[PDB]
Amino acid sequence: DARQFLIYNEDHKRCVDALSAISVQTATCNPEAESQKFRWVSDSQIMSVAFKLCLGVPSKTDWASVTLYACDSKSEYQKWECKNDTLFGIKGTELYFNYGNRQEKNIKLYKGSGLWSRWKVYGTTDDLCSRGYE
């Protein structure tokens, strides 16, 4: 598709990688790897192409793991949004899509808003929403 993209963190030089419904980590960026492909399927949901499941969290808490859930427009736990300067996080909360703290391989929700909570569409200087609908 054209809506498809890789989620990139400039500081680590790595892209998000869907390993399984309960596991979403990072890997060296490869535009040909299905597991690294995602796409917005609505104004607030991003779906992993390889799994046809939407990025989400069990609850809106600090250090909650970001994994894959059956896409559901009504779930308030799989809704994301773009903050300022590529900072990305859960819609309506000050918790960010984060990677890099504590040797934790899975994507986590984190309170910090530094370089590790900022993501861009691989191949651009744009935030994730540039590939979205809103």
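We number the residues from 1 along the sequence you see.
Higher mean CA B-factor, judged across 44 to 52 and 68 to 76 from the recorded values: 68 to 76. Per the PDB record, residue ranking by Cα B-factor puts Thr93 in the highest third of the chain.
For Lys13, the recorded CA B-factor ranks within the middle third of the chain. Only modelled residues enter the ranking.
Compared with the other modelled residues of the chain, the Cα B-factor recorded for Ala33 ranks in the highest third. Ranked by Cα temperature factor within the chain, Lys120 sits in the middle third according to the deposited record.
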